[PDB]
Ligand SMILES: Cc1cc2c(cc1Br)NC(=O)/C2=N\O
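Next up: just one chain, as structure tokens, the form solved without the ligand.
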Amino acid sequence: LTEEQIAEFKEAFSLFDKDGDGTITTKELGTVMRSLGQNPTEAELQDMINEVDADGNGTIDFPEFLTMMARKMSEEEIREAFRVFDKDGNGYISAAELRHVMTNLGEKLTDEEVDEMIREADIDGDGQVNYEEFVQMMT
């Protein structure tokens, strides 16, 4: 585990932990998922936490979060996640689309932060992220 990987997990955690209290609640999870166009029920949110809630305190701490993400790591689930970003449906995630998703998530990005994110997944160097690229990234 590298230093940059930890900083990414730390930011991924911060995106959920809206009030920055060090834990992720079912409420925070729902807010994020709705902001990405999903609509989990209360039961589903509780189930998500329960699966990784080692200490049974009802909320997710940093390690439990890491476990959640490691368990997350078919075609349909990936396609769906692609469509969260590919808003116009043209088959390419642009920088403007990525920035739009991050902004709905309450995260403001500099053009450089966004470009850097595209750069990470863009394999062919067209400056966009196609489905295959998005699959190589997620897989």
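The numbering used is simple: start at 1 and walk along the sequence shown.
The same protein also has a form solved in complex with the ligand, omitted here; what follows describes it.
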Check whether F65 has any heavy atom within 4.5 Å of a heavy atom of the ligand in the deposited complex, and answer yes or no.
yes
Can you tell me whether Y131 touches the ligand? I mean in the deposited complex, with a 4.5 angstroms heavy atom cut-off.
no
Non-hydrogen atom contact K27 with the ligand in the deposited complex at 4.5 angstroms:
no
Check whether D111 has any heavy atom within 4.5 Å of a heavy atom of the ligand in the deposited complex, and answer yes or no.
no
Going by heavy atoms, what in 37-65 lies within 4.5 angstroms of the ligand in the deposited complex?
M48, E51, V52, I60, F65
